[PDB]
file my_file_23.txt (compact mmCIF, C-alpha atoms and all ligand atoms)
# COMPACT_ATOMS: atom_id res chain seq x y z
CA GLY A 94 -6.25 -17.10 -5.93
CA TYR A 95 -6.58 -14.15 -3.49
CA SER A 96 -6.06 -14.23 0.32
CA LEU A 97 -7.49 -11.92 3.01
CA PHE A 98 -6.17 -11.87 6.61
CA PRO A 99 -7.47 -14.18 9.37
CA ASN A 100 -10.96 -12.98 10.54
CA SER A 101 -11.15 -10.51 7.59
CA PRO A 102 -9.91 -7.29 9.21
CA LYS A 103 -11.25 -4.32 7.27
CA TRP A 104 -11.85 -0.60 7.71
CA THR A 105 -15.20 -0.16 9.53
CA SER A 106 -15.92 3.39 8.21
CA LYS A 107 -16.84 4.36 4.61
CA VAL A 108 -14.06 7.07 4.80
CA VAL A 109 -10.41 6.05 5.40
CA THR A 110 -7.84 8.82 6.03
CA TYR A 111 -4.25 8.49 4.80
CA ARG A 112 -1.13 10.61 5.37
CA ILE A 113 2.31 10.49 3.73
CA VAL A 114 4.47 11.04 6.81
CA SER A 115 7.92 10.77 5.18
CA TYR A 116 9.21 11.05 1.63
CA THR A 117 12.15 9.64 -0.43
CA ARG A 118 15.01 11.77 -1.91
CA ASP A 119 14.46 9.61 -5.09
CA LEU A 120 11.24 11.55 -6.03
CA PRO A 121 9.54 14.94 -5.67
CA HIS A 122 7.07 14.94 -2.73
CA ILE A 123 4.12 15.76 -5.07
CA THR A 124 5.02 12.70 -7.23
CA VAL A 125 4.80 10.36 -4.18
CA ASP A 126 1.45 12.10 -3.28
CA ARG A 127 -0.05 11.59 -6.76
CA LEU A 128 1.14 7.95 -7.06
CA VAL A 129 -0.23 7.08 -3.58
CA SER A 130 -3.57 8.71 -4.66
CA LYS A 131 -3.47 6.66 -7.93
CA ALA A 132 -2.72 3.41 -5.99
CA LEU A 133 -5.58 4.00 -3.51
CA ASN A 134 -8.06 4.82 -6.37
CA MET A 135 -7.16 1.59 -8.22
CA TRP A 136 -8.64 -0.28 -5.19
CA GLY A 137 -11.22 2.41 -4.25
CA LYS A 138 -13.00 2.41 -7.67
CA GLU A 139 -14.04 -1.30 -7.01
CA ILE A 140 -15.50 -0.90 -3.47
CA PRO A 141 -17.67 1.33 -1.26
CA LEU A 142 -14.66 3.06 0.36
CA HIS A 143 -13.46 6.72 0.02
CA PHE A 144 -9.91 7.91 0.83
CA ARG A 145 -9.19 11.35 2.41
CA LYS A 146 -5.61 12.73 2.39
CA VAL A 147 -4.53 14.55 5.60
CA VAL A 148 -1.19 16.40 5.97
CA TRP A 149 -0.82 16.28 9.81
CA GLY A 150 -1.56 14.08 12.84
CA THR A 151 -2.39 10.38 12.79
CA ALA A 152 -4.39 9.15 9.76
CA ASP A 153 -5.77 5.57 9.51
CA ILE A 154 -3.21 4.67 6.82
CA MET A 155 0.23 6.16 7.79
CA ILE A 156 2.54 5.91 4.72
CA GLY A 157 6.23 6.62 4.69
CA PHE A 158 9.85 5.83 3.82
CA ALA A 159 12.28 4.79 6.56
CA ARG A 160 15.76 3.30 6.94
CA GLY A 161 16.42 0.53 9.48
CA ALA A 162 14.32 0.45 12.67
CA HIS A 163 11.33 2.78 12.63
CA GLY A 164 9.17 1.94 15.66
CA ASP A 165 7.45 -1.36 14.64
CA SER A 166 8.94 -4.92 15.27
CA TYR A 167 9.89 -5.08 11.51
CA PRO A 168 13.07 -3.01 11.06
CA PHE A 169 14.26 -2.50 7.49
CA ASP A 170 17.51 -4.15 6.52
CA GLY A 171 19.39 -1.69 4.25
CA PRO A 172 19.89 -2.19 0.47
CA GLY A 173 18.12 -5.26 -0.96
CA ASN A 174 16.26 -8.07 0.89
CA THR A 175 13.00 -6.48 2.20
CA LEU A 176 11.72 -3.52 0.11
CA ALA A 177 8.55 -2.53 2.00
CA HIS A 178 5.81 -3.91 4.23
CA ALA A 179 2.25 -3.01 5.37
CA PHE A 180 -0.26 -3.97 8.02
CA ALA A 181 -3.82 -5.26 7.90
CA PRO A 182 -6.64 -2.75 8.78
CA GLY A 183 -6.88 -1.94 12.52
CA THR A 184 -6.11 0.85 14.96
CA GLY A 185 -2.54 2.18 15.42
CA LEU A 186 -0.03 0.29 13.23
CA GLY A 187 -2.96 -1.34 11.38
CA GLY A 188 -3.25 -0.09 7.79
CA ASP A 189 0.21 1.53 7.84
CA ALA A 190 2.54 1.08 4.81
CA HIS A 191 6.38 1.44 5.05
CA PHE A 192 8.96 1.64 2.24
CA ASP A 193 12.69 1.00 2.71
CA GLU A 194 14.64 4.20 1.94
CA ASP A 195 17.78 2.08 1.22
CA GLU A 196 16.29 0.99 -2.21
CA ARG A 197 15.75 3.17 -5.29
CA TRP A 198 12.16 4.15 -6.17
CA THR A 199 10.97 5.55 -9.53
CA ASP A 200 7.88 7.20 -11.06
CA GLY A 201 8.83 5.19 -14.21
CA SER A 202 11.10 7.92 -15.71
CA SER A 203 14.27 6.68 -13.97
CA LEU A 204 15.95 3.59 -12.55
CA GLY A 205 14.17 2.00 -9.56
CA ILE A 206 11.38 -0.12 -8.15
CA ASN A 207 8.12 1.09 -9.71
CA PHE A 208 6.59 3.01 -6.76
CA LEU A 209 3.02 2.92 -8.21
CA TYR A 210 3.15 -0.91 -8.48
CA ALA A 211 4.79 -1.23 -5.00
CA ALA A 212 2.35 1.25 -3.36
CA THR A 213 -0.63 -0.59 -4.97
CA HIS A 214 0.69 -3.91 -3.47
CA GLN A 215 1.37 -2.43 0.00
CA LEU A 216 -1.92 -0.49 0.09
CA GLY A 217 -3.66 -3.75 -0.84
CA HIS A 218 -2.39 -5.15 2.49
CA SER A 219 -3.39 -1.77 4.12
CA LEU A 220 -7.02 -2.53 2.99
CA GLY A 221 -6.98 -6.21 4.09
CA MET A 222 -5.68 -8.17 1.09
CA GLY A 223 -3.22 -11.00 1.73
CA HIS A 224 -1.08 -12.61 -1.00
CA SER A 225 -2.52 -14.30 -4.09
CA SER A 226 -1.53 -17.68 -5.66
CA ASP A 227 -2.45 -16.06 -9.06
CA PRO A 228 0.81 -14.81 -10.74
CA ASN A 229 -1.22 -12.10 -12.61
CA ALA A 230 -2.36 -10.52 -9.28
CA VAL A 231 -0.79 -7.31 -7.95
CA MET A 232 -1.03 -9.20 -4.53
CA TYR A 233 1.20 -12.06 -5.80
CA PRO A 234 3.96 -12.25 -3.13
CA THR A 235 6.90 -11.31 -5.40
CA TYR A 236 7.81 -8.21 -7.45
CA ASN A 243 2.15 -0.07 -16.80
CA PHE A 244 -0.53 -2.32 -15.09
CA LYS A 245 -4.07 -2.78 -13.67
CA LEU A 246 -5.68 -4.84 -10.85
CA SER A 247 -6.17 -8.50 -11.95
CA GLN A 248 -9.63 -10.15 -11.85
CA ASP A 249 -8.32 -11.99 -8.72
CA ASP A 250 -7.40 -8.65 -7.01
CA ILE A 251 -10.87 -7.24 -7.78
CA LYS A 252 -12.67 -10.48 -6.69
CA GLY A 253 -10.74 -10.39 -3.36
CA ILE A 254 -11.29 -6.70 -2.49
CA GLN A 255 -14.99 -6.91 -3.41
CA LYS A 256 -15.32 -10.07 -1.23
CA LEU A 257 -14.07 -8.05 1.79
CA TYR A 258 -15.91 -4.69 1.14
CA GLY A 259 -18.66 -5.54 -1.41
CA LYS A 260 -18.98 -3.86 -4.88
CA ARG A 261 -19.26 -0.07 -5.49
CA UNK B 2 6.69 -8.13 1.88
CA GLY B 3 1.65 -8.14 4.71
CA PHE B 4 1.40 -8.37 8.48
CA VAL B 5 -1.16 -8.40 11.17
CA UNK B 6 -0.22 -5.94 14.67
CA CA A 301 -2.87 2.99 11.14
CA CA A 302 15.94 -3.40 2.23
ZN ZN A 303 7.47 -0.77 9.29
ZN ZN A 304 2.90 -8.36 0.11
call {"tool": "encode", "arguments": {"input": "my_file_23.txt", "output": "structure tokens", "more": "lines below"}}
Ligand SMILES: [Ca+2]
Ligand SMILES: [Ca+2]
Ligand SMILES: [Zn+2]
Ligand SMILES: [Zn+2]
result
Amino acid sequence: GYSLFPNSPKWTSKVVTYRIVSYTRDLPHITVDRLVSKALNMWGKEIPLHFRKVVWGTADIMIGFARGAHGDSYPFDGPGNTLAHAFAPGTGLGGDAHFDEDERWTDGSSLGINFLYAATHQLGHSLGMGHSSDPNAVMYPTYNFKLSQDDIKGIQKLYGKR
Amino acid sequence: XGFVX
């Protein structure tokens, strides 16, 4: 089933700040905002953790779209291959979640990768979930849904139950 | 992709 990260990195405060630093032309900004909020709450409802959106400066979870190299050692690779990636909880790059601008992202109303699904996966890694061996899990390593029992068991193992 | 760092 579920994986964490080695030595169970996790947010050490009850409040975790997040910021959407860069948007996609594929979607209205407010749509990315609402879907990120929905993704975070799918995890947050299970655990004693609150998310706070900020619109400036450096939040704990920095979220954004980028093409090619974007300041970490994991440059994006244009259309196809890698779609997105995210970092275990920690300072700086830890918690951050990046989406490749060279794909197409949808709110469900158009053609594209489902951004809610993808953001729930990435933000799982942003909270300290690794990949699951359970094909029903949002944290399964490969790409209308809910967290699986495995997803919920894993996140509650790391943070405890709300 | 989930990375450490
Ligand atoms: Ca961070
Ligand atoms: Ca790509
Ligand atoms: Zn990145
Ligand atoms: Zn992943």
call {"tool": "interface_residues", "arguments": {"input": "my_file_23.txt", "of": "chain A", "to": "chain B", "cutoff": "8 Å", "atoms": "all atoms listed in the file", "output": "list in words"}}
result
residues 98, 175, 176, 177, 178, 179, 180, 181, 186, 187, 215, 218, 223, 224, 234 and 235 of chain A
call {"tool": "write_last_selection", "arguments": {"input": "my_file_23.txt", "atoms": "C-alpha atoms", "output": "PDB file, in the frame of the given file"}}
result
ATOM      1  CA  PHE A  98      -6.170 -11.870   6.610  1.00  0.00           C
ATOM      2  CA  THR A 175      13.000  -6.480   2.200  1.00  0.00           C
ATOM      3  CA  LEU A 176      11.720  -3.520   0.110  1.00  0.00           C
ATOM      4  CA  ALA A 177       8.550  -2.530   2.000  1.00  0.00           C
ATOM      5  CA  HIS A 178       5.810  -3.910   4.230  1.00  0.00           C
ATOM      6  CA  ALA A 179       2.250  -3.010   5.370  1.00  0.00           C
ATOM      7  CA  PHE A 180      -0.260  -3.970   8.020  1.00  0.00           C
ATOM      8  CA  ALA A 181      -3.820  -5.260   7.900  1.00  0.00           C
ATOM      9  CA  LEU A 186      -0.030   0.290  13.230  1.00  0.00           C
ATOM     10  CA  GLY A 187      -2.960  -1.340  11.380  1.00  0.00           C
ATOM     11  CA  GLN A 215       1.370  -2.430   0.000  1.00  0.00           C
ATOM     12  CA  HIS A 218      -2.390  -5.150   2.490  1.00  0.00           C
ATOM     13  CA  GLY A 223      -3.220 -11.000   1.730  1.00  0.00           C
ATOM     14  CA  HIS A 224      -1.080 -12.610  -1.000  1.00  0.00           C
ATOM     15  CA  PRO A 234       3.960 -12.250  -3.130  1.00  0.00           C
ATOM     16  CA  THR A 235       6.900 -11.310  -5.400  1.00  0.00           C
TER      17      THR A 235
END
call {"tool": "residues_near_ligand", "arguments": {"input": "my_file_23.txt", "ligand": "ligand ZN 303 (chain A)", "cutoff": "10 Å", "atoms": "all atoms listed in the file", "output": "number ranges by chain"}}
result
A: 156-169, 177-180, 186, 189-193; B: 4
call {"tool": "residues_near_ligand", "arguments": {"input": "my_file_23.txt", "ligand": "ligand CA 301 (chain A)", "cutoff": "8 Å", "atoms": "all atoms listed in the file", "output": "PyMOL selection string"}}
result
chain A and resi 151-155+182-189
call {"tool": "atom_distance", "arguments": {"input": "my_file_23.txt", "atom1": "atom CA of residue A:146", "atom2": "atom CA of residue A:112"}}
result
5.8 Å
call {"tool": "closest_residue", "arguments": {"input": "my_file_23.txt", "among": "A:94, A:253, A:141, A:121", "to": "residue A:108", "atoms": "all atoms listed in the file"}}
result
A:141
call {"tool": "atom_distance", "arguments": {"input": "my_file_23.txt", "atom1": "atom CA of residue A:109", "atom2": "atom CA of residue A:144"}}
result
5.0 Å
call {"tool": "atom_distance", "arguments": {"input": "my_file_23.txt", "atom1": "atom CA of residue A:143", "atom2": "atom CA of residue A:111"}}
result
10.5 Å
call {"tool": "residues_around", "arguments": {"input": "my_file_23.txt", "residues": "residue A:120", "least_positions_apart": "3", "cutoff": "12 Å", "atoms": "only C-alpha atoms", "output": "ChimeraX atom specification"}}
result
/A:115-117,123-128,158,194,197-208
call {"tool": "residues_near_point", "arguments": {"input": "my_file_23.txt", "point": "(0.6, -8.6, -7.0)", "cutoff": "9 Å", "atoms": "only C-alpha atoms", "output": "ChimeraX atom specification"}}
result
/A:210-211,213-214,217,224-225,227-236,246-247,250
call {"tool": "closest_residue", "arguments": {"input": "my_file_23.txt", "among": "A:122, A:171, A:96, A:258", "to": "ligand CA 302 (chain A)", "atoms": "only C-alpha atoms and all ligand atoms"}}
result
A:171
